[PDB]
> 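Sharing a structure, written as C-alpha cells. Questions coming.
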Amino acid sequence: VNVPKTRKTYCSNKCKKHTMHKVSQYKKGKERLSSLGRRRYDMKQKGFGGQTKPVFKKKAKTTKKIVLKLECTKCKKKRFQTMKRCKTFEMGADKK
Amino acid sequence: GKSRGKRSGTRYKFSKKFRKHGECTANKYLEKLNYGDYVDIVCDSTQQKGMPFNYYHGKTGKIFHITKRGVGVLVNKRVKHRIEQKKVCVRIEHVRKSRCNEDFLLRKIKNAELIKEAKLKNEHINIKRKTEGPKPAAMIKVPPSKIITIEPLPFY
Amino acid sequence: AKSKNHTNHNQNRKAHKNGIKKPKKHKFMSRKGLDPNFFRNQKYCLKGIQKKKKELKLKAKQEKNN
RNA sequence: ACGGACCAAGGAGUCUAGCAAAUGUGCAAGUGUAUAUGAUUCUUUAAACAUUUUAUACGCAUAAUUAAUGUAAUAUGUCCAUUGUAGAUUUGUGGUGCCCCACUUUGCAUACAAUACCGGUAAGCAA
RNA sequence: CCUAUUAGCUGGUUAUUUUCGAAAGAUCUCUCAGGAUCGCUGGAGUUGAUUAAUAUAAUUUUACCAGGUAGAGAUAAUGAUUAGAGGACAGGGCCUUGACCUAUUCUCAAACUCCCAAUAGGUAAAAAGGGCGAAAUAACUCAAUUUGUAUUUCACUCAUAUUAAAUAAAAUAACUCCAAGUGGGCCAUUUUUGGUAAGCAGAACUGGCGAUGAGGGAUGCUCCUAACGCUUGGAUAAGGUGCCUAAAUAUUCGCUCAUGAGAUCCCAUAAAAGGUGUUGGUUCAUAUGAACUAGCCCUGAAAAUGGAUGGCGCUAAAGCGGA
RNA sequence: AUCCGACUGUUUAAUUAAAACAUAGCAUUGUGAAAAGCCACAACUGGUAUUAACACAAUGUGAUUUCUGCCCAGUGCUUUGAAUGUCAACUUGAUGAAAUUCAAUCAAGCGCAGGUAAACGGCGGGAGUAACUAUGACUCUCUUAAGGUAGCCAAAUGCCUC
RNA sequence: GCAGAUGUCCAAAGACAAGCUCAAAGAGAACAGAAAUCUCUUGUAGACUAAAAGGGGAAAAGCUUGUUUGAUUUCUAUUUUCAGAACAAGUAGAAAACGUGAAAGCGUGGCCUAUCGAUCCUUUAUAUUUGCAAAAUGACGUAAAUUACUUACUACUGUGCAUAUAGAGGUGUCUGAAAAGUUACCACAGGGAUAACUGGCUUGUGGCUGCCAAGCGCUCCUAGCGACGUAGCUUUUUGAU
RNA sequence: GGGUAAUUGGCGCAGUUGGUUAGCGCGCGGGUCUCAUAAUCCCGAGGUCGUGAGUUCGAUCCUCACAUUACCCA
RNA sequence: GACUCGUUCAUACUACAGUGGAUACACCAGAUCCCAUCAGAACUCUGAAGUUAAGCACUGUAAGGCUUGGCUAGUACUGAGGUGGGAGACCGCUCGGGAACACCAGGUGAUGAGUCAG
Ligand SMILES: [Mg+2]
Ligand SMILES: [Mg+2]
Ligand SMILES: [Mg+2]
Ligand SMILES: [Mg+2]
Ligand SMILES: [Mg+2]
Ligand SMILES: [Mg+2]
Ligand SMILES: [Mg+2]
Ligand SMILES: [Mg+2]
Ligand SMILES: [Mg+2]
Ligand SMILES: [Mg+2]
Ligand SMILES: [Mg+2]
Ligand SMILES: [Mg+2]
Ligand SMILES: [Mg+2]
Ligand SMILES: [Mg+2]
Ligand SMILES: [Mg+2]
Ligand SMILES: [Mg+2]
Ligand SMILES: [Mg+2]
Ligand SMILES: [Mg+2]
Ligand SMILES: [Mg+2]
Ligand SMILES: [Mg+2]
Ligand SMILES: [Mg+2]
Ligand SMILES: [Mg+2]
Ligand SMILES: [Mg+2]
Ligand SMILES: [Mg+2]
Ligand SMILES: [Mg+2]
Ligand SMILES: [Mg+2]
Ligand SMILES: [Mg+2]
Ligand SMILES: [Mg+2]
Ligand SMILES: [Mg+2]
Ligand SMILES: [Mg+2]
Ligand SMILES: [Mg+2]
Ligand SMILES: [Mg+2]
Ligand SMILES: [Mg+2]
Ligand SMILES: [Mg+2]
Ligand SMILES: [Mg+2]
Ligand SMILES: [Mg+2]
Ligand SMILES: [Mg+2]
Ligand SMILES: [Mg+2]
Ligand SMILES: [Mg+2]
Ligand SMILES: [Zn+2]
C-alpha cells in the first residue's frame, strides 16, 4: 500500500468545501501517569497481595489498521480516516 | 466448516439460459408501475446491483415504495410456525409486472356489460363461474362398418 | 459420549398445533422513511383541506346562532 | 440392574426480608395517622378508642429529559376540551319476524395512522 | 469448636374423584451428566360470533408463475473410451507403421448438459372495496396557474333470498397476562451417506413406541384390526372352523409320496449346479426322434444337555394354487 | 560349579528379612572465632562448646588386590574491577507562579575476562582397496565440545532370540 | 463424509469517458530455423478479468489512452445468520460539497459470492456544548462619577483533572478467564451415558465344502489333480460394534 | 516499550576535528632480485544502512537489520 | 420506387451463385480550413468527374443451421394401496400422471411512427 502526501477533499470543520489537505500516519502516544485509571491501578498494586489485574498473553494478530490523519490547509483543523489492515505501508513513494 | 454464504447453492438458479445471454432490452426500461400493483421477482444475473436474495426468486408481492431505479416489495415468508412479512428492496431490472391477476380484470370488464343488459331487460341471470360437471345423454350415430374389434396381443 | 446432533422430527407437528398464523392485514402503515419531498407536500395539501373544512364549520356555527 | 426378614410409633417445599402479576376491600388527585402524645384505657387490656385548642413531619403518586450549568408539555383566538377510518349505546323513518335488516342521528373502550408541542443531538443563522 | 461449611452428583418425598395434557428440536454458553432463551402445556381475563353468515382451512377447482431431480445423450459442448473405412511428418530404397483430416462405430459421469417429468411449492378469485364524471388543496412533478400525481368532497352504479368457483359438528374464533415440565430418545414402510457387513454409525417426509390398555400373530414395548365411563341385547373387523379351542373331518376343481415331505406379512436362513421322478406347454424333423421351457418332488445340505409347522398328529389331507 | 553382597551388624509391630540400610577403607568441600563455619528463636538469646585444623560441619563411593581414559561448548559453583554496558531509593542541579517535568552521579547482581569433571552430565557416519573366494592392515570424504579408551558381554543389561 | 480455500493484496488492480478487439490456425517476407518482427484471411470468446470454486462479461466488465480522488461528512427503510438479539457483510434512498462526460447519466472502494472483534482501561481529534460544591484569576475592559465598599453595560476568562461524541491499541478456545507436571503412597461423589472377560447380531480375516474346464498325468480334460473365474457353510481364530 | 554500541573497497579497520570531505594492512595487475624460497622499492583500479535544513561536512525526526542489560493492568 | 428512428431478436444466421440504379442509399474526387494519425487507411472537414464491380434489396441450392407438426410411445420414469410374487436381486395388479434423443414432412418471416420522389 502506497499513499500520496496531499489530497484535495471535503472539509467538515469551519469550511464545508473541498480544499487541500496534508496526510500523515497517526501514532498512539504514551500513557500519562496522572490519569485516573492509572492512579487507581497504582494504588491497588501496593500492599501485600501480588498482582491484582489480568495480564494478557494469547497474542494472535500480526497486523494493525492504518488510520490516517488529514488536516485542512485553510483552517488548521484535523480529522481521522481509517483503512484496511495490511503488512507494508508507505507514505509517498515511486509510482508503478 | 459449514459454508452458509450469501449466494451459496445458486449454480443453476442464477445462470442465463441457452443461447439467451446478454443484458436486457431497451423496452425493459419503459414498464409502468404504481403503488399497490402486483409484481414478480425474477433475478437477472447480468446486472449485479440490486440483486435479490436466493429465497425470494420467483415470488410475488405488492409494491409499497418506488424510487429512481428501485422498488420495495412486500413478500410473505414462513418461519417455523408463522408467516412473516418481509420488505425486499431490489433494483428495477429484477422486477416484472405480475400476470396472476388478469383473469379477474377481464372477468369484471366482461360481466359489467352483461349485468347492464340484464338489468335493462329486467332479468335474473347468474354470473358466477361454473365448475365442470356431468354430461347429458345424446344419440350417437355410427354405421356398423366403422366399428373395429380388438383383442389382447400375443407376446413376442 | 457421542450423542445426536440434528433432526427436525416432530417440528411441524408442533408448528401445526396452533396453526400457521398470518399477518394482521391493517389498513394504514407508517410512512416514516419512505419517499421524502412527496409526503411533505402531502402534509401541506392536507393542511389546506383542513383549513377549508374548519373555516366552513366555524362559519356555520356563526350563522346558525344568528 | 439396585433397596426391601417382620410389626409399632417418628419422618421431608416451611419462616423472614424484598419485588411483581392476579383477585377481594376502602377511599380517590390523592392516599397511608410513622416515631410519639391523650384519655373517667387498665383481670382480660401487650387489645380497643383518639389526634395537638386560607391548618407546610415523612413515603409513594400527581412530569419529563439531559454527563451536565439546567430547561420543562396545542395557546388567548375559546370553560374550551387536535384530525381521519372501523366501532358499543342513543335519535327518526320503512321491511321481514323486543330481535335482525335498508337508510338517518350520536360516536364510549380499543386497533390502525396523521398532526402539534417538551427535553437531548445534528443542520442553517447567530449579540 | 468456626459448622446444620459447599455439592451442576446418588437415594427419598405421606388422602380421594373429576377436567385439560407435553418435550426429547433450535440459538448462546470454560459449553457436552448443567443453564438462560424460543418452541410445545395449564390457568386467569377481555374483545368478538351466536344472523346455516363473514373472519377461517396440513382439501380441491379455474388463471398464472418459478425449478434442473427420475429419464435421456454421447454423432450437441466438457471430460472418459473400443474398432475398422476413406483421403492429401519420420520409414530401406514406387510400399511398414503411427501420424493429420473427413464420415462412421462399441461403452460411461455426485462434484457433465441441447431437452426434461410424476410429486412437492407461490400469488389471485369484489362493498373500510371496484367503476365513472365533476369540483377543491399543494412548497411535489411538468415546456404546462392543469401537464401529471396523491389526498378531500359530491353525483351516478356494481351479483347477493341461493351467497362474484366447490366443500366444511368453520367463532371449539382473535388477543393480552402469569407460570409448570422438557432441552440423553428409539422404531417401521418409502428416499438416502460411510462401512464386507451388523439387533452398526449419520440424515429426509409421514405414522408410531415412549405416555396405552382390548381382539389376533402359540410366545414378544414398535406388525394387523381397533384406541378405553357402568350394563343388557344385536351384528362384525383382523383372523379362523380334525382335537387341544368357540365355529365346516363343508362343497367344488388341479398338483404332490419325500430311507431327514410340507404347512403363508414382520419372523425367526439357504445358493450356484444337476435329475431317464411326474404334470403341462413351444418348436424342428416319416408317429416315432431331438431340442427347449416351468410347476410340485429329489441331490447339493456337517456341531456340540433331549426337542419342537405351538403340541398331538395328518397322505380319498388336517399339505400347496384357486372357486 | 555359577550370580549378588566383602565380613559380625540392621529393617517395612499385623502379607516383602533381601541383592535393600549401615560399616571399616577411599576422595571432595567450607571455616583461624565471641564482627568465624554450620544450625535453632517472635524477640531477648542459644546448640556444636568442659571445643580450636591429628578440630567441627556438608556430601559421594563402599574390605583386600589391580585400575580409575577423553570433553569446560550447555547448566551449576567460583575469581578479578572505576578501562568498562545495563541496573533502586536517596542526593544534586535546570526550568516553572507552584504541583509536576527533565538531566547527572564508583551499590550489590547480570554482561565483559578466567578456573573447575572422585560437579549435573556426555563420549559419530559413508565409500574403495591384498595374485582363487572371503576379510580390509591402507586410502578418500562428511563431521563433533569430545567422538566409548583399559576392560567386560546374549550377564538381574540383546529387540530380532528358543 | 467428499474435492478445496481464508487471517492477505492494490494511488491503482479505485472513478468517469473515448477509441479498439482477444486465444489460435493457415498462407506469404534478407539474415531467421519449432519459437523474434511484418501483411492478409478465418475466428461466439476456445483469451483476459489479484488470489479456491461457481456465476457474469464483446462498439465490454477485456486492451490502450486522457482527466481525477465518490476509498468524503450526516441520517433513514431494511436483507442475510436469527431469539427474527449484537457485531459483521450487503441493498434501496434522503441533506451537503465535488469528479468525469458534448449530454442523458455514472461514482458512498475492488463485476458478484470469503478476507474479521464486547464491557473496563489507555490514546488522539471535535465543540459560541459542560463540571471540579461559599467565591475570584481575560480586566477595574468601556462610559460616567468622585472625594469611595460609587453606578450601569460585556457571546468569547489560570495550571492540572473529569465528562459528552468519533476513530484506534484485542481477545484465532474467534458472544471475548491472567495459568506447568507427576502419583506403582493415594482420597471422595458418581457412571454399565464409557474401556479391560463370557454371552448376542455380523463373518472382512481364519477354517471347511462345492461348480466350469486351460493344463499336469509318455499317449489320456475328470485314477489322482486343477490355473483364470465363480456359489456356499461354520463359529474351535482375530477383528468390528 | 526503554538504554548503549557498531554497519565505510575483494576482507579487516581508521576518519564523527563543517570554508580539504575520504584513508591504510591483507588483496588485485607490471619491473627488483631471488643455488628452484627470502626482508624488497615504485605504481593503477577498487567506497561512507536510506530520504529533507537558520549550512561547505559524518548536524536532524523516523526506518530497516545485529548484540547486551533491564521493563510489562486493554 | 426509396429513406430515418424503432419492435420481435436466426422462419431474421452462414456458404456459394443470378438479377437491379428516375429521386434516394453507397462506392468515389480531394486536404486550404476545424480535426487526426508512422500512415487523410481510419477519424474529421470540402466536393460532384465516373460506376452498379462491391455494400444494399430481391431470388435460387434433393445446401448446413433454425422453426412448427407427425412419430418414437402409453415406451422410459413416477403419486397412492396391497397379511401381492420371489431366498434374494428384482417384477406384476388396482386408482392416477406421463417424457427425451433419433427419424419423416412443411416453412425461411412479420410489423409501429414519420418522410421523399414520379
Ligand atoms: Mg440463488
Ligand atoms: Mg445404583
Ligand atoms: Mg438386601
Ligand atoms: Mg392489586
Ligand atoms: Mg424511596
Ligand atoms: Mg426555548
Ligand atoms: Mg449588537
Ligand atoms: Mg453437611
Ligand atoms: Mg384428552
Ligand atoms: Mg445410458
Ligand atoms: Mg439431562
Ligand atoms: Mg398402541
Ligand atoms: Mg409365530
Ligand atoms: Mg357385547
Ligand atoms: Mg386356512
Ligand atoms: Mg369345538
Ligand atoms: Mg433320450
Ligand atoms: Mg388348524
Ligand atoms: Mg551381607
Ligand atoms: Mg569392591
Ligand atoms: Mg547376619
Ligand atoms: Mg511385614
Ligand atoms: Mg516375614
Ligand atoms: Mg550398599
Ligand atoms: Mg565412609
Ligand atoms: Mg562451564
Ligand atoms: Mg556495579
Ligand atoms: Mg571397545
Ligand atoms: Mg552383549
Ligand atoms: Mg460465459
Ligand atoms: Mg467503453
Ligand atoms: Mg475494474
Ligand atoms: Mg469459547
Ligand atoms: Mg464462542
Ligand atoms: Mg498437582
Ligand atoms: Mg451399555
Ligand atoms: Mg467367513
Ligand atoms: Mg453485381
Ligand atoms: Mg436444409
Ligand atoms: Zn477547512
Side-chain angles (χ1 to χ4, degrees), chain B residues 1-5 8-9 29-41 49-50 52-56 58-95 97-98 100-101 104, chain C:
Chain B
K2 271 191 69 70
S3 178
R4 297 189 295 171
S8 52
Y29 289 151
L30 298 171
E31 188 147 51
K32 292 187 176 66
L33 321 166
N34 305 107
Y35 277 69
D37 280 353
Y38 289 108
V39 76
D40 291 331
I41 299 163
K49 301 177 185 185
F53 175 73
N54 180 6
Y55 174 86
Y56 306 105
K59 293 288 196 290
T60 311
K62 272 167 89 84
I63 300 185
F64 78 90
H65 193 218
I66 304 190
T67 62
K68 214 188 305 180
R69 280 89 172 95
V71 160
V73 186
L74 289 168
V75 190
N76 293 333
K77 174 191 198 176
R78 185 194 143 157
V79 182
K80 211 186 296 195
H81 56 109
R82 67 206 190 285
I83 294 157
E84 300 219 19
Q85 260 199 345
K86 318 290 273 187
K87 291 171 190 173
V88 180
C89 312
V90 290
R91 187 176 170 88
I92 203 67
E93 293 88 321
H94 322 268
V95 165
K97 171 76 186 292
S98 192
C100 70
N101 203 20
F104 195 38
Chain C
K2 274 180 149 187
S3 50
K4 280 295 292 284
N5 44 35
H6 184 58
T7 193
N8 83 315
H9 205 266
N10 202 31
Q11 282 326 284
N12 53 349
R13 189 172 286 197
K14 306 199 310 176
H16 280 100
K17 192 72 80 167
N18 290 315
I20 313 287
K21 296 192 163 160
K22 322 289 207 70
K24 294 298 292 186
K25 177 46 199 163
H26 301 129
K27 199 192 153 78
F28 308 88
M29 65 179 288
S30 178
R31 50 186 191 226
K32 179 187 190 303
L34 302 191
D35 186 6
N37 306 318
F38 170 70
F39 286 120
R40 201 183 311 127
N41 194 61
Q42 291 306 283
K43 155 173 73 155
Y44 299 141
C45 308
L46 188 151
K47 290 214 181 140
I49 299 293
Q50 266 166 346
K51 185 172 184 177
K52 190 67 70 69
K53 269 175 180 175
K54 200 185 179 189
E55 178 274 320
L56 294 174
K57 175 190 172 233
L58 192 147
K59 184 66 72 181
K61 193 176 186 287
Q62 190 74 248
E63 289 90 7
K64 297 189 301 273
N65 197 2
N66 278 309

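Here is the naming used below: chain letters follow the sequence lines, and residue numbers restart at 1 for every chain.
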> Using atom types as modelled and distance alone, determine if a side-chain donor or acceptor of B:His65 lies under 3.5 Å from a backbone N or O of C:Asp35.
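Answer holds: yes.
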
> Tell me, side chain or backbone of B:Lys68 under 4.5 Å from chain C's heavy atoms, or both, or neither?
neither

> Tell me whether the count of non-hydrogen atoms from other residues, nucleotides or ligands lying under 6.0 Å of NZ in C:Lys51 goes above 12.
no

> Is the number of heavy atoms from other residues, nucleotides or ligands within 6.0 Å of CD (B:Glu31) greater than 12?
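Counting other residues, nucleotides and ligands, CD of B:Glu31 exceeds 12 neighbours.
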
> If I take atom NZ from residue C:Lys21 and atom NE2 from residue B:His81, how far apart are they, to the nearest 0.5 angstrom?
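Going from NZ on C:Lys21 over to NE2 on B:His81, the span is 8.0 Å.
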
> Could you grab the distance from atom CG of C:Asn8 to atom NZ of B:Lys80, nearest 0.5 Å is fine?
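Between atom CG of C:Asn8 and atom NZ of B:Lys80 there are 9.5 Å.
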
> With a 6.0 Å cut-off (strictly less than), is the heavy-atom count around NZ of C:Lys22, excluding the residue itself, greater than 12?
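Atom NZ in C:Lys22 is not crowded, with 12 or fewer foreign heavy atoms closer than 6.0 Å.
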
